[PDB]
Amino acid sequence: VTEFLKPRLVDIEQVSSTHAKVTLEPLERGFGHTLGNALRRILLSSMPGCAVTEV
Amino acid sequence: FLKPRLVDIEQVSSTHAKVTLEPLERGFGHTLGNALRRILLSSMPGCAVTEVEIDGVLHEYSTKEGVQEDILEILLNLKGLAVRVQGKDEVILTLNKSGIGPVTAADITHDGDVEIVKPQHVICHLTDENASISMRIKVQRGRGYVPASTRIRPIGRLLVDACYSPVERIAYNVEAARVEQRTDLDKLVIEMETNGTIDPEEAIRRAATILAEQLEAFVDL
Amino acid sequence: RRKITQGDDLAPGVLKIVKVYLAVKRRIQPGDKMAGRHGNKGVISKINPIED
């Protein structure tokens, strides 16, 4: 009742050092979008970086 | 960086309660709200009937004397029955009420592990004093939605579709926190309209866990 | 009772006919045709999860 299929990163293809296409085969029904949406917002707006453009 | 807490868990009503997560930073709050809502609506442990054996009827598509509603109507009423169980996964509940008056979840024999959240809920109506109703309803825990056909012996046992989801309606509101030391912090308030079987704080913590173990895959070994 | 007891008249050359009634609970299936009263007919494209 608490056991859910645990995603395994089957492939982490790197087209370039900059571009990668990680994929997880199992996840759960309606969980791939949840993990994907959560990950997208956290790196896009909350991952810190040291580039202050204003100079 | 800051970490949220369930500072407040208010039970405005038995069915639905509001859960607050105060120490949330900008952006984190909306993400956590959406992810928690999706994981709660999708997969939460819950208790629902899965097999019913009316003593006097063979199949669901039949009537029983002295009962106002159809047997299939009885199964439809029993499908949305508020039941919590702790301990063993599956439990059989026995209902035996005789005489006039509508039967209720309170009429079911009470067992130690299982307590009905909503005794006032109506199953069927006994319209004959002479007539009586006897049944054995089997309740097990599961996740999401399980159609009756997907599951699986004698002709007497009736298979009823199981809706294990305890939460019915979930909404999260993100508003600025009242903290003064550091601005831009936003508290998250999540209201869960539930059948009452699941504890609000426990449900939130369990969903957070399920997200964490699902999220633990992404980090490298 | 005698009307039930007497063998029902049957098509000639048939000793007995057994009429078995099959009852099935058909549910919403992808591709099922659902329409409103105003004529907006459509098939069910996908059984979308509630959270989606």
# chains A, B, ... in the order shown; residues from 1 in each chain; ligands from 1

call {"tool": "closest_atom_pairs", "arguments": {"of": "chain A", "to": "chain B", "cutoff": "7 Å", "atoms": "only C-alpha atoms", "output": "JSON lines"}}
result
{"residue": "A:1", "atom": "CA", "partner": "B:142", "partner_atom": "CA", "distance": 5.7}
{"residue": "A:6", "atom": "CA", "partner": "B:214", "partner_atom": "CA", "distance": 5.9}
{"residue": "A:7", "atom": "CA", "partner": "B:217", "partner_atom": "CA", "distance": 6.2}
{"residue": "A:8", "atom": "CA", "partner": "B:217", "partner_atom": "CA", "distance": 6.4}
{"residue": "A:30", "atom": "CA", "partner": "B:42", "partner_atom": "CA", "distance": 7.0}
{"residue": "A:34", "atom": "CA", "partner": "B:35", "partner_atom": "CA", "distance": 5.7}
{"residue": "A:38", "atom": "CA", "partner": "B:31", "partner_atom": "CA", "distance": 5.7}
{"residue": "A:41", "atom": "CA", "partner": "B:31", "partner_atom": "CA", "distance": 6.9}

call {"tool": "write_last_selection", "arguments": {"atoms": "N, CA and C atoms", "output": "CSV table (one decimal), in the first residue's frame"}}
result
chain,number,residue,atom,x,y,z
A,1,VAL,N,0.9,-1.2,0.0
A,1,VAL,CA,0.0,0.0,0.0
A,1,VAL,C,0.9,1.2,0.0
A,6,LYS,N,9.6,2.3,-8.4
A,6,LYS,CA,10.6,3.4,-8.2
A,6,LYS,C,11.3,3.6,-9.5
A,7,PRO,N,11.3,4.8,-10.0
A,7,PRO,CA,11.9,5.0,-11.4
A,7,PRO,C,13.4,4.7,-11.4
A,8,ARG,N,13.9,4.1,-12.5
A,8,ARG,CA,15.3,3.9,-12.6
A,8,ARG,C,15.8,4.7,-13.8
A,30,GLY,N,0.7,9.0,-13.9
A,30,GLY,CA,0.5,10.4,-13.4
A,30,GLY,C,1.5,10.8,-12.4
A,34,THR,N,4.4,14.8,-12.5
A,34,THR,CA,4.5,15.5,-11.2
A,34,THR,C,6.0,15.7,-10.9
A,38,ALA,N,7.9,19.4,-11.1
A,38,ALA,CA,8.5,19.9,-9.8
A,38,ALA,C,10.0,20.2,-10.2
A,41,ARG,N,10.5,23.5,-12.5
A,41,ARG,CA,10.4,24.9,-11.8
A,41,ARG,C,11.6,25.0,-10.9

call {"tool": "residues_around", "arguments": {"residues": "residue B:82", "least_positions_apart": "3", "cutoff": "7 Å", "atoms": "only C-alpha atoms", "output": "PDB file with C-alpha atoms, in the first residue's frame"}}
result
ATOM      1  CA  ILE B 116     -16.712   3.836  10.597  1.00  0.00           C
ATOM      2  CA  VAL B 117     -16.051   7.519   9.945  1.00  0.00           C
ATOM      3  CA  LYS B 118     -19.662   8.169   8.896  1.00  0.00           C
ATOM      4  CA  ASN B 195     -14.029  11.133   3.064  1.00  0.00           C
ATOM      5  CA  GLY B 196     -12.679  11.431   6.623  1.00  0.00           C
ATOM      6  CA  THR B 197     -10.827   8.109   6.728  1.00  0.00           C
TER       7      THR B 197
END

call {"tool": "closest_atom_pairs", "arguments": {"of": "chain C", "to": "chain B", "cutoff": "10 Å", "atoms": "only C-alpha atoms", "output": "Markdown table"}}
result
| residue | atom | partner | partner_atom | distance |
| --- | --- | --- | --- | --- |
| C:23 | CA | B:61 | CA | 8.0 |
| C:24 | CA | B:61 | CA | 9.6 |
| C:25 | CA | B:149 | CA | 9.6 |
| C:27 | CA | B:147 | CA | 9.9 |
| C:49 | CA | B:42 | CA | 7.6 |
| C:50 | CA | B:41 | CA | 7.0 |
| C:51 | CA | B:38 | CA | 5.2 |
| C:52 | CA | B:38 | CA | 7.6 |

call {"tool": "write_last_selection", "arguments": {"atoms": "N, CA, C and O atoms", "output": "PDB file, in the first residue's frame"}}
result
ATOM      1  N   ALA C  23     -25.928 -10.253 -18.662  1.00  0.00           N
ATOM      2  CA  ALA C  23     -25.960  -8.871 -18.210  1.00  0.00           C
ATOM      3  C   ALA C  23     -24.539  -8.409 -17.928  1.00  0.00           C
ATOM      4  O   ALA C  23     -23.818  -9.050 -17.157  1.00  0.00           O
ATOM      5  N   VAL C  24     -24.146  -7.298 -18.539  1.00  0.00           N
ATOM      6  CA  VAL C  24     -22.790  -6.777 -18.440  1.00  0.00           C
ATOM      7  C   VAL C  24     -22.865  -5.301 -18.077  1.00  0.00           C
ATOM      8  O   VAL C  24     -23.774  -4.592 -18.524  1.00  0.00           O
ATOM      9  N   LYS C  25     -21.929  -4.849 -17.245  1.00  0.00           N
ATOM     10  CA  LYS C  25     -21.829  -3.442 -16.866  1.00  0.00           C
ATOM     11  C   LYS C  25     -20.793  -2.774 -17.757  1.00  0.00           C
ATOM     12  O   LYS C  25     -19.613  -2.687 -17.418  1.00  0.00           O
ATOM     13  N   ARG C  27     -18.817   0.222 -19.146  1.00  0.00           N
ATOM     14  CA  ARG C  27     -18.399   1.486 -18.564  1.00  0.00           C
ATOM     15  C   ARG C  27     -17.866   2.399 -19.656  1.00  0.00           C
ATOM     16  O   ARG C  27     -17.801   2.031 -20.831  1.00  0.00           O
ATOM     17  N   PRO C  49      -6.440  10.967 -15.863  1.00  0.00           N
ATOM     18  CA  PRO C  49      -6.438  10.905 -14.399  1.00  0.00           C
ATOM     19  C   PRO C  49      -6.969  12.193 -13.794  1.00  0.00           C
ATOM     20  O   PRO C  49      -6.855  13.273 -14.375  1.00  0.00           O
ATOM     21  N   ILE C  50      -7.562  12.063 -12.607  1.00  0.00           N
ATOM     22  CA  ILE C  50      -8.228  13.201 -11.980  1.00  0.00           C
ATOM     23  C   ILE C  50      -7.243  14.327 -11.701  1.00  0.00           C
ATOM     24  O   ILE C  50      -7.572  15.509 -11.858  1.00  0.00           O
ATOM     25  N   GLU C  51      -6.023  13.990 -11.284  1.00  0.00           N
ATOM     26  CA  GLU C  51      -5.063  15.030 -10.935  1.00  0.00           C
ATOM     27  C   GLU C  51      -4.595  15.785 -12.172  1.00  0.00           C
ATOM     28  O   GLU C  51      -4.214  16.957 -12.085  1.00  0.00           O
ATOM     29  N   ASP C  52      -4.619  15.133 -13.335  1.00  0.00           N
ATOM     30  CA  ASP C  52      -4.198  15.802 -14.560  1.00  0.00           C
ATOM     31  C   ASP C  52      -5.259  16.778 -15.046  1.00  0.00           C
ATOM     32  O   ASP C  52      -4.948  17.743 -15.753  1.00  0.00           O
TER      33      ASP C  52
END

call {"tool": "interface_residues", "arguments": {"of": "chain A", "to": "chain C", "cutoff": "12 Å", "atoms": "only C-alpha atoms", "output": "number ranges by chain"}}
result
A: 29-34, 37

call {"tool": "atom_distance", "arguments": {"atom1": "atom CA of residue B:134", "atom2": "atom CA of residue B:112"}}
result
20.3 Å

call {"tool": "select_by_dssp", "arguments": {"residues": "chain A", "states": "strand (DSSP E)", "output": "number ranges by chain"}}
result
A: 9-14, 20-24

call {"tool": "write_last_selection", "arguments": {"atoms": "C-alpha atoms", "output": "tab-separated table (two decimals), in the first residue's frame"}}
result
chain	number	residue	atom	x	y	z
A	9	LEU	CA	17.36	6.21	-14.89
A	10	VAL	CA	17.60	3.78	-17.84
A	11	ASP	CA	19.50	6.28	-20.04
A	12	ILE	CA	21.30	9.65	-19.57
A	13	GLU	CA	22.18	10.40	-23.21
A	14	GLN	CA	24.38	13.51	-23.55
A	20	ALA	CA	21.44	15.85	-21.87
A	21	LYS	CA	18.24	13.71	-22.22
A	22	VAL	CA	17.83	11.66	-18.98
A	23	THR	CA	14.86	9.22	-19.14
A	24	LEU	CA	13.24	6.99	-16.45

call {"tool": "select_by_dssp", "arguments": {"residues": "chain A", "states": "alpha helix (DSSP H)", "output": "list in words"}}
result
residues 32, 33, 34, 35, 36, 37, 38, 39, 40 and 41 of chain A

call {"tool": "write_last_selection", "arguments": {"atoms": "C-alpha atoms", "output": "mmCIF file, in the first residue's frame"}}
result
data_model
loop_
_atom_site.group_PDB
_atom_site.id
_atom_site.type_symbol
_atom_site.label_atom_id
_atom_site.label_comp_id
_atom_site.auth_asym_id
_atom_site.auth_seq_id
_atom_site.Cartn_x
_atom_site.Cartn_y
_atom_site.Cartn_z
ATOM 1 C CA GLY A 32 6.167 11.425 -14.454
ATOM 2 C CA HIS A 33 4.472 14.786 -15.005
ATOM 3 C CA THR A 34 4.521 15.505 -11.227
ATOM 4 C CA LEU A 35 8.262 14.817 -10.812
ATOM 5 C CA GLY A 36 8.981 16.548 -14.143
ATOM 6 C CA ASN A 37 6.985 19.706 -13.309
ATOM 7 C CA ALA A 38 8.545 19.902 -9.843
ATOM 8 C CA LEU A 39 12.059 19.458 -11.244
ATOM 9 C CA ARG A 40 11.499 21.977 -14.073
ATOM 10 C CA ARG A 41 10.431 24.851 -11.803
#

call {"tool": "atom_distance", "arguments": {"atom1": "atom CA of residue B:105", "atom2": "atom CA of residue B:156"}}
result
21.6 Å

call {"tool": "residues_around", "arguments": {"residues": "residue C:7", "least_positions_apart": "4", "cutoff": "10 Å", "atoms": "only C-alpha atoms", "output": "list in words"}}
result
residues 2, 3 and 16 of chain C

call {"tool": "write_last_selection", "arguments": {"atoms": "N, CA and C atoms", "output": "PDB file, in the first residue's frame"}}
result
ATOM      1  N   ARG C   2     -50.892 -24.052 -14.283  1.00  0.00           N
ATOM      2  CA  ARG C   2     -51.044 -25.034 -15.389  1.00  0.00           C
ATOM      3  C   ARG C   2     -50.470 -24.431 -16.669  1.00  0.00           C
ATOM      4  N   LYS C   3     -50.651 -23.124 -16.864  1.00  0.00           N
ATOM      5  CA  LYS C   3     -50.078 -22.463 -18.061  1.00  0.00           C
ATOM      6  C   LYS C   3     -48.555 -22.622 -18.012  1.00  0.00           C
ATOM      7  N   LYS C  16     -36.535 -28.124 -27.299  1.00  0.00           N
ATOM      8  CA  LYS C  16     -36.490 -27.145 -26.184  1.00  0.00           C
ATOM      9  C   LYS C  16     -35.624 -25.955 -26.590  1.00  0.00           C
TER      10      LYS C  16
END

call {"tool": "residues_around", "arguments": {"residues": "residue C:43", "least_positions_apart": "6", "cutoff": "6 Å", "atoms": "only C-alpha atoms", "output": "list in words"}}
result
residues 31, 32, 33 and 34 of chain C

call {"tool": "write_last_selection", "arguments": {"atoms": "N, CA and C atoms", "output": "compact mmCIF listing (two decimals), in the first residue's frame"}}
result
# COMPACT_ATOMS: atom_id res chain seq x y z
N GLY C 31 -12.97 6.11 -26.87
CA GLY C 31 -13.64 5.91 -28.13
C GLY C 31 -15.15 5.84 -28.04
N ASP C 32 -15.71 5.74 -26.84
CA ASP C 32 -17.16 5.72 -26.69
C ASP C 32 -17.75 7.06 -27.11
N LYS C 33 -18.86 7.00 -27.83
CA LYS C 33 -19.49 8.21 -28.35
C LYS C 33 -20.36 8.86 -27.29
N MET C 34 -19.96 10.06 -26.86
CA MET C 34 -20.72 10.85 -25.91
C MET C 34 -21.10 12.17 -26.56

call {"tool": "residues_around", "arguments": {"residues": "residue B:194", "least_positions_apart": "6", "cutoff": "6 Å", "atoms": "only C-alpha atoms", "output": "NGL selection string"}}
result
:B and (15-16 or 166-168)

call {"tool": "residues_around", "arguments": {"residues": "residue B:56", "least_positions_apart": "6", "cutoff": "10 Å", "atoms": "only C-alpha atoms", "output": "list in words"}}
result
residues 63, 64, 65, 132, 133, 134, 135 and 156 of chain B

call {"tool": "write_last_selection", "arguments": {"atoms": "N, CA, C and O atoms", "output": "PDB file, in the first residue's frame"}}
result
ATOM      1  N   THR B  63     -33.287  -8.117  -7.096  1.00  0.00           N
ATOM      2  CA  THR B  63     -33.940  -7.471  -5.973  1.00  0.00           C
ATOM      3  C   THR B  63     -34.045  -8.438  -4.804  1.00  0.00           C
ATOM      4  O   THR B  63     -33.992  -9.660  -4.977  1.00  0.00           O
ATOM      5  N   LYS B  64     -34.182  -7.873  -3.611  1.00  0.00           N
ATOM      6  CA  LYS B  64     -34.374  -8.635  -2.388  1.00  0.00           C
ATOM      7  C   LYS B  64     -35.632  -8.131  -1.699  1.00  0.00           C
ATOM      8  O   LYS B  64     -35.849  -6.921  -1.598  1.00  0.00           O
ATOM      9  N   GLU B  65     -36.461  -9.062  -1.234  1.00  0.00           N
ATOM     10  CA  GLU B  65     -37.736  -8.683  -0.644  1.00  0.00           C
ATOM     11  C   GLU B  65     -37.517  -7.874   0.629  1.00  0.00           C
ATOM     12  O   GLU B  65     -36.577  -8.117   1.389  1.00  0.00           O
ATOM     13  N   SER B 132     -35.455  -9.065   6.638  1.00  0.00           N
ATOM     14  CA  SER B 132     -34.184  -8.751   7.268  1.00  0.00           C
ATOM     15  C   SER B 132     -33.086  -8.833   6.220  1.00  0.00           C
ATOM     16  O   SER B 132     -33.249  -9.455   5.168  1.00  0.00           O
ATOM     17  N   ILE B 133     -31.957  -8.198   6.519  1.00  0.00           N
ATOM     18  CA  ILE B 133     -30.825  -8.138   5.606  1.00  0.00           C
ATOM     19  C   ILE B 133     -29.582  -8.628   6.334  1.00  0.00           C
ATOM     20  O   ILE B 133     -29.350  -8.274   7.496  1.00  0.00           O
ATOM     21  N   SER B 134     -28.804  -9.470   5.660  1.00  0.00           N
ATOM     22  CA  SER B 134     -27.539  -9.976   6.175  1.00  0.00           C
ATOM     23  C   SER B 134     -26.500  -9.911   5.068  1.00  0.00           C
ATOM     24  O   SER B 134     -26.774 -10.312   3.932  1.00  0.00           O
ATOM     25  N   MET B 135     -25.315  -9.405   5.393  1.00  0.00           N
ATOM     26  CA  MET B 135     -24.257  -9.278   4.406  1.00  0.00           C
ATOM     27  C   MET B 135     -22.901  -9.351   5.084  1.00  0.00           C
ATOM     28  O   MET B 135     -22.772  -9.112   6.287  1.00  0.00           O
ATOM     29  N   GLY B 156     -22.196 -16.301  -5.037  1.00  0.00           N
ATOM     30  CA  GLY B 156     -22.736 -15.407  -4.025  1.00  0.00           C
ATOM     31  C   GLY B 156     -21.930 -14.132  -3.867  1.00  0.00           C
ATOM     32  O   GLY B 156     -22.494 -13.044  -3.726  1.00  0.00           O
TER      33      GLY B 156
END
